[PDB]
């Protein structure tokens, strides 16, 4: 099965077909893994607009989007607001707790869940989900564990790539509309 990023297995496509919830890591997935820090305590993070468009397409194609992140920042709240992401868990080490809460609130089986991570701290959740995704430049020890490895790096369109994959699998890609913000 061909995609606009390269061929994927029938098994990966079958997994993506069932996804009702896409959970995303922030650092190294939605960003390039950097943290910008200033002398007056300012903190910045870079997000990618094409990911934003992808998220918008998913959110309006009956695919819920969630975020579970180890750090905690107001800027992430602002980013979730502008994209319309209502499910946000910040400052969590053991991400299994947020994951159990998500499966509870949305009444959703783990087989209908996809997760995109970039480090070993993400694997406990990724192990349980229907479609585990590692970004192109994730930690070397995570890459072979995931169901699908993206072609695009974290913060460069890896999330858009996953969004495109889910929509294509469900026959929603051609008629998908979002906002490139």
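Positions refer to the first chain, counted from 1. Rigid core (definition): largest C-alpha set, two forms, superposition within 1.5 Å.
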Open item on the list: To spell it out: superpose each other structure in 5 other deposited structures of this protein onto this one by the rigid core, compute Cα RMS over structures and residues for 63-71 and for 145-153. Which is larger?
Closed with: 63-71
Task: Selected stretch [higher average CA B-factor]: 169-177 or 9-17 - done: 169-177
- [ ] Please rank the C-alpha B-factors of the chain's modelled residues and tell me whether residue 113 sits in the lowest, middle or highest third.
- [x] highest
TODO: Pull the Cα B-factor of residue 33 out of the PDB entry and bin it into the chain's lowest, middle or highest third.
DONE: highest
Task: Modelled-residue ranking by C-alpha temperature factor, third containing residue 43 - done: lowest
- [ ] Would you check the entry's CA temperature factor for residue 51 and let me know if it's in the chain's lowest, middle or highest third?
- [x] lowest
- [ ] Would you check the entry's CA temperature factor for residue 64 and let me know if it's in the chain's lowest, middle or highest third?
- [x] highest
